Every structure is written in C-alpha cells, then in structure tokens.
Amino acid sequence: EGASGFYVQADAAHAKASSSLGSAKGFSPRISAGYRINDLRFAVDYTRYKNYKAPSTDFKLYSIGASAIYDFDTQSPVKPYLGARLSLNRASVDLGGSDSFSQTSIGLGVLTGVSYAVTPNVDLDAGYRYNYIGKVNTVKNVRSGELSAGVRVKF
C-alpha cells in the first residue's frame, strides 16, 4: 500500500543439513534484499551451503527464498522476530571438475531471532532458520537448521 525502509543484509551461518541418508555440518552464507510495509518485512535471499569437510559424495545446496517476517516492538533497540520462508532449492555434485545440478524443489521454513539497532539505519541480527526442503533427485526428507549472525543496512 506504501513501501519503505528498503534494505540489504548479509549473514554468515553454521548449518546442519539432514536427510534419510544422514546429516552433515557446514556453512551457509546468505545475501538478501527487502523492505517494510505495514509492520511486516519482506525479503528475497540467496543462500549457498557447503560442507566443512567433504564426504565421499561432496555436494552443495543452493536456495533462493522469499520471507515474510514480523518484528516485535519493545522499549529498546532489541527486537525479536518470527517469520516464514518459501524457497526454490537445488543440490550440486561435482563431476569431473564441474557442478551438475538436481531438479528444483520447493521448500518451506520458519525463521526466528533477534535484531539489535546499532543506529537508526544499521541492525545486527542473530537468527535461527529451519527449512523443509523435501526430496532432491532421489534423496528423501531433506531439511536444514541454520544459526546465523548478520548485518542489515536500511538505505
């Protein structure tokens, strides 16, 4: 109805990916862009997961997501939040030097966390995301948990 407080955010994340085959640990840098309407934040992000240590079959995970988030007001620069995320997900496996990708899978996740306002234009953000990514070319019940820390600049 009237958009405002456009912004960009970068996060670093410790992640755990799981499936019916097992689980693995790694890192999940994220970049997003967004804005506020009403008291809601909307954002698009690109995330890419890598293993710390490569299993016999190494892989990467990629998503592009759309998030809707509610920020709780307190009497303070500390602001809890709660949200939901829809995503398009792919996996990668290296094959003679080159990545080869899986089909695309729709994912559904929850996000929560806390922001701190450093100044009226800059926030720090400590978060948890959980994503149900489902079935990625053969492998079942793919899911991830991510703990993150980032910076948001509302230009």
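Heavy atoms only: backbone and side chains are in, while hydrogens, waters and symmetry mates are out. We number each residue from 1, following the sequence as shown.
- Between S20 and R143, the closest heavy-atom pair is N-NH2, 4.2 Å.
- Between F27 and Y52, the gap from one ring centroid to the other is short of 6.0 Å.
- Ring pair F72/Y70 is perpendicular by interplanar angle, where above 60° counts as perpendicular and below 30° as parallel.
- Taking the ring axis of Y46 as reference, the NZ or CZ atom of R30 does not stay both within 45° of it and closer than 6.0 Å to the ring centre.
- No hydrogens or angles considered: a donor-acceptor pair under 3.5 Å links the side chains of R85 and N131.
- Connection of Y35 to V8 is established within a shared hydrophobic cluster, with ILVMFWY side chains joined at heavy-atom distances below 4.5 Å, either directly or through further cluster members.
- Between the side chain of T104 and the backbone N or O of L88 there is no donor-acceptor pair closer than 3.5 Å.
- Ring pair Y49/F59 is parallel by interplanar angle, where below 30° counts as parallel and above 60° as perpendicular.
- The hydrophobic clustering, which links ILVMFWY residues whose side-chain heavy atoms are closer than 4.5 Å, places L82 and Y128 together.
- Sorted by first and then second residue, the salt bridge (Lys or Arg N to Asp or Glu O under 4.0 Å) pairs with a member in residues 104-117 form an empty list; sequence neighbours excluded.
- Side chain of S19 to backbone of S23: no donor-acceptor contact under 3.5 angstrom is found.
- Annotation: the span from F42 atom CZ to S32 atom OG amounts to 14.5 Å, rounded to 0.5 Å.
- A donor atom on one side chain and an acceptor atom on the other are not found under 3.5 Å apart for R129 and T112.
- Judged purely by distance below 3.5 Å, without hydrogens or angles, the side chains of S92 and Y62 pair a donor atom with an acceptor atom.
- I106 and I64 fall into different hydrophobic clusters, where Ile, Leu, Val, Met, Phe, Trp and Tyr residues are linked whenever their side-chain heavy atoms come under 4.5 Å apart, directly or through other members.
- Between the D125 side chain and the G150 main chain, no donor and acceptor come within less than 3.5 Å of each other.
- Between the CD1 atom of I69 and the OH atom of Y81 there is a distance of 6.5 Å, given to the nearest 0.5 Å.
- Taking 4.5 Å as the limit, every side-chain heavy atom of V114 sits out of range of all side-chain heavy atoms of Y116.
- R152 forms a cation-pi arrangement with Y7, by the criterion of a distance under 6.0 Å to the ring centre and an angle within 45° of the ring axis.
- No side-chain heavy atom of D11 sits under 4.5 Å from any side-chain heavy atom of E146.
- Hydrophobic side-chain contacts under 4.5 Å tie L21 into a cluster, directly or through other members, with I133, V136, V139, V142.
- Between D123 and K154, the closest side-chain pair of non-hydrogen atoms falls below 4.5 Å.
- You'll find the side chain of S67 reaches within 4.5 Å of the side chain of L111, heavy atoms only.
- The two residues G107 and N89 have their closest heavy-atom pair at N-ND2, 3.4 Å.
- Using a 4.0 Å cut-off between charged nitrogen and carboxylate oxygen, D58 and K50 do not count as a salt-bridge pair.
- A single hydrophobic cluster is seen to contain both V153 and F6, as judged by linkage of ILVMFWY side chains at heavy-atom distances under 4.5 Å, directly or through other members.
- Using a cutoff of 4.0 Å between basic side-chain nitrogens and carboxylate oxygens, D94 and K60 are not scored as salt-bridged.
- Between atom OG of residue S18 and atom CG of residue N141 there is a gap of 10.5 Å, rounded to the nearest 0.5 Å.
- Rounding to the nearest 0.5 Å places CG of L108 at 10.0 Å from OH of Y130.
- Between the side chain of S102 and the backbone N or O of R90 there is no donor-acceptor pair closer than 3.5 Å.
- More than 12 heavy atoms of other shown residues, nucleotides or ligands fall within 6.0 angstrom of atom CG in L40.
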Check: Checking side-chain hydrogen bond (donor to acceptor under 3.5 Å, both in side chains) for the pair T119/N121: CA distance, chi angles, key distance, verdict?
Finding: CA-CA 5 Å; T119 70; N121 299 106; 5.1 Å; no
